[PDB]
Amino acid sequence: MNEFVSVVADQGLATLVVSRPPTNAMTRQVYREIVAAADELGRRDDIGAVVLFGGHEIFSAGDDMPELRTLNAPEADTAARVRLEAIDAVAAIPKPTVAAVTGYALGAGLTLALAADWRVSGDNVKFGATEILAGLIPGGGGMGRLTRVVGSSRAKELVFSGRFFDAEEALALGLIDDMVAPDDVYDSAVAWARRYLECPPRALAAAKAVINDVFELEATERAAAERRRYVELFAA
């Protein structure tokens, strides 16, 4: 499960590398490989934090549309389920994760970036919810993740139009956390990730878990899970 996606470990941190030139367009196979990569990263104790990276040229132009056009409805349905499984798995990695975004983050590419805990972006990057340009809509929970950061009205403007927005606008909207020169994206992402290597890993995992649940779970379930995680940490 690693023709296009690889996990590269180095000095306590790992890079999940998507490499499917020239746009890192994600086919069904790429999504399966992201699922396996996310699982591997969660369990590896030589890895304390993760950088998501497509290479210096591009993060991802999104779904592979030509593949999609060859599928029938049940195959497309399965593709949509694996897409969500991939995006969720990346979001749930029990370690701090940063998207090192270069070139373009479009459609499912933007959704993938939004699954990371933080995003460091090149100042030349173009973003966009391009799915509507194919007569489709964003999958993998993209519209939900977008909406919680920018609000409904802006979410609709971006998704309905499918327009490109620059890194400066992404920064102003809160969709990326830092903007740097194109040659420094990966190195800045690595530096952000390294900031957490000396933290208690189970506590980070627990904090991430509760934070991510804030918009997902009903209040009683949120409280039960927070308390359980707190007591666990305490009992260890």
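When you see a residue number, it is the position in the sequence shown, counting from 1.
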Practice problem: On mean C-alpha B-factor from the PDB entry, just flag whether 158-166 or 82-90 is the higher one. | Solution: 158-166
Self-check item: Per the entry, higher mean C-alpha B factor between 203-211 and 172-180
Solution: 172-180
Quiz prompt | Among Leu16, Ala25, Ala224, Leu217 - the residue whose C-alpha B-factor is largest in the record | solution = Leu217
Practice problem: Could you tell me which one of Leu197, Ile58, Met65, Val30 shows the highest CA temperature factor in the PDB record? | Solution: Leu197
